[PDB]
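No lab work stands behind these numbers, since they all come straight from the coordinates. Backbone-built Cβ (ideal geometry, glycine too); neighbour counts: all protein chains shown.
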Amino acid sequence: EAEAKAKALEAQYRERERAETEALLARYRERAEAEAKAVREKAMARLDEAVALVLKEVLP
Amino acid sequence: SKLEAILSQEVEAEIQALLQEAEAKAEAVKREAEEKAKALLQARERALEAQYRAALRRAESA
């Protein structure tokens, strides 16, 4: 029964581990998509300026 | 008669000594188990938790 009880632990140990680690991914990924967007968004506004600047070096 | 009475007198206390030895021999079997079962299961609790958390941690590292 010291083996048995521990067997009963194991289930949960794999399950809870699975469920959470798998869940952690959801949280990260779906936040990754978002955070990726937010550096795009910072640029969007002040973006034009970049083109303008870059264009200016190349032009003469 | 009394002669064989001494033969009696010898046996009865021995019956009790078989028992006293015996009593200790059941109890010890019982107690060998008590510590052993408790002590492995602790280790297997331990082990299972760590073998979980460090994965989730490493997952956090992802």
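For the range A:1-43, filtered to residues that are within 27 Å of the chain's Cα centre (by Cα) and facing another protein chain (nearest Cβ under 7 Å), the residue that is nearest to B:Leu48 (Cα to Cα) is A:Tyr13. Taking the conditions (1) surrounded by 10 or more Cβ atoms within 10 Å (Cβ to Cβ); (2) over 30 Å from B:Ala33 (Cβ atoms) in turn, A:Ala6 satisfies each one other than (2).
Taking residues in the range B:33-62 that are within 7 Å of chain A (Cβ to nearest Cβ) and farther than 28 Å from A:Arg31 by Cα, and partners anywhere that are part of a helix (DSSP H, G or I) and hydroxyl-bearing (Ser, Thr, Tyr), the pairs with Cβ atoms closer than 6 Å and at least 6 places apart or on different chains are B:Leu48/A:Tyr13.
Confirm whether A:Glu22 is in contact with a helix residue (DSSP H, G or I) (Cβ under 7 Å, 6 or more places away or on another chain) and charged (D, E, K, R). Quick ask: steps written out before the conclusion?
Numbers: in contact with a helix residue (DSSP H, G or I) (Cβ under 7 Å, 6 or more places away or on another chain): no; charged (D, E, K, R): yes.
In short, no.
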